[PDB]
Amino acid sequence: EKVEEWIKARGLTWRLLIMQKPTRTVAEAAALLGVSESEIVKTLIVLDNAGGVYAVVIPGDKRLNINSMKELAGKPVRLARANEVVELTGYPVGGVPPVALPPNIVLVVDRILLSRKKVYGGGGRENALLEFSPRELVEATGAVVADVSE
């Protein structure tokens, strides 16, 4: 609901696609949509050691470059554990969206995604994928573009 309401409020053309059964891996999501893993993006929650929380969107075929986030944050960082992801965002582990998150969370988008017109991220539920444009996401949120994947 929150993700759909967010899209409508910004007047964007993004859509929620529904998987009959939730996917368990990035490979499965890419295959079912007929795209590549790099087009299935994950919203990773990252925590610094002073209460800071970040949502970092990266290609599905990469992993977070921790050192890069430490440099961006300017403080020691780590990945939020699964229970922390749910607690701090209000969304399920496999459905964390890149928008409509609590306002304290800082959004970071990996620049390798910017040339892609369409990607599929967390839709707010384990079985929903958000079809969106990385550039539109950045423009709408003021997100920080960085090199945070490896």
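Quick note: we count residues from 1 along the sequence shown, nothing fancier.
Of the two segments, 21-29 and 133-141, the one listed with the higher mean B-factor is 21-29 (C-alpha atoms only). Per-stretch averaging of Cα B factors for 56-64 and 87-95 places 87-95 on top.
Among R116, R125, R111, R81, the highest C-alpha B-factor in the deposited entry belongs to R125. Residues shown: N104, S38, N49, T43. Highest C-alpha temperature factor in the entry: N49.
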